[PDB]
There are 2 protein chains.
Amino acid sequence: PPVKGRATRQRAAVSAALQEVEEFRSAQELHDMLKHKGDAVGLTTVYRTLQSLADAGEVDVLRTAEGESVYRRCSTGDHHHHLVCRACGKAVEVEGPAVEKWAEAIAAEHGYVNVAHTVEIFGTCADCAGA
Amino acid sequence: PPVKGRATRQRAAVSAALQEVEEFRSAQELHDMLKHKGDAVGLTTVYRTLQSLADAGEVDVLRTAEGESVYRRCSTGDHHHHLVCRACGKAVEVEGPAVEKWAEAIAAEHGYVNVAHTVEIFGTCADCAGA
Ligand SMILES: [Zn+2]
Ligand SMILES: [Zn+2]
Ligand SMILES: [Zn+2]
Ligand SMILES: [Zn+2]
Ligand SMILES: [Zn+2]
Ligand SMILES: [Zn+2]
């Protein structure tokens, strides 16, 4: 995830942390893990970095049930949706043109100019049910 | 909108005020509107009664983009999704089988035991463009 400004070891470290993992996580959890592995990087610094990255769109954002935003560096850059298990945090890249066509059709029927759909599916793995 | 608690003027007043308005609105906005109407009802009371109603399923919740929560009453008791114009705040309920079929297919393919899909979509309506 290249940054608009000059690259610095803190930005490189947070980028390495983002690409290191695949689950969704907020600023606090990534701050914890980067400090524990030996980065010593600021909370507001990582917050600003992920704000800039989300503005660039290199990462993907998701508001949890409480409300806090979690972020995942997704491999696929095209339009896509994520199936997320809260017990595991794993994200599966799922994309469907049917929902996009439905959104376009309902927007056209209602005469709406632009459509910005938020579609999230929350579930549990089969292993989660098993003990 | 019956409330699980005992009959009291607070619950009746907040339920009637919610019924009068047909727009997604936050707790503070509802509190201010009720104060202006002369209810003289508490804000913590609004929050508690609104959470009780949401748990009862008689009301429809939604999370704002910035983080706050808005709530609205829809006449239909059946499951439905919402198109909400951020500029005006007006919300309209629709239902399309395609999202349900896609969710079922994804759950079957990935083996997820149970899933909970949230589909709330946003777009500007015609009157926004009109001047
Ligand atoms: Zn992705
Ligand atoms: Zn999409
Ligand atoms: Zn799981
Ligand atoms: Zn509704
Ligand atoms: Zn509008
Ligand atoms: Zn649905």
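Every residue, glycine among them, receives a Cβ derived from its backbone with ideal geometry; neighbour counts consider all protein chains shown. Throughout, read-outs are computed from the coordinates displayed, never taken from laboratory work.
Rounded to the nearest 20 debye, the dipole magnitude of chain B is 660 debye, with +1 charges on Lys and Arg beta carbons, -1 on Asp and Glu beta carbons, and the Cα centre as origin. In whole Hz, what ³J(HN,Hα) sequence does the range B:6-19 give by Karplus (6.51, -1.76, 1.60; θ = phi - 60°), x for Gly and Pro? Here the 3J(HN,Hα) series is 5, 5, 8, 5, 5, 4, 4, 5, 5, 5, 5, 5, 5, 5 Hz.
Helix A:27-37 and the longest principal axis of the C-alpha atoms of chain A enclose an angle of approximately 40°. Basic side chains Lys and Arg get +1 at the Cβ, acidic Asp and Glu get -1 at the Cβ, and with that the dipole of the protein assembly as shown about its Cα centre reaches some 1060 debye. Projecting label points 7 angstrom from Cα along Cα→Cβ for B:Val92 and A:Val92 puts them 3.4 nm apart.
The convex hull of the Cα atoms of the range A:1-79, projected and averaged over all directions, covers 5.3 nm². Between the helical axis of A:43-56 and the longest alpha-carbon principal axis of chain A there is an angle of about 40 degrees.
Think of each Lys and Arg Cβ as +1 and each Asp and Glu Cβ as -1; about the Cα centre, that makes the dipole of the range A:80-131 roughly 180 debye.
When DSSP beta bridges are restricted to pairs lying wholly in the protein assembly as shown, around 80% turn out antiparallel.
With the label put 7 angstrom out from Cα along the Cα-to-Cβ vector, B:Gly89 ends up 3.7 nm from the copy partners, going from closest to farthest. As I understand it, the dipole of the protein assembly as shown uses +1 on the Cβ of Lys and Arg and -1 on the Cβ of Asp and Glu, about the Cα centre. Which of A:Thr44, B:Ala56, A:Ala13 lies farthest toward its positive end? Towards the positive end, the residue furthest out is A:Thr44. The stretch between A:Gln19 and A:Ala54, if pulled fully straight at 0.36 nm per residue, gains 11.2 nm over its current Cα-Cα span.
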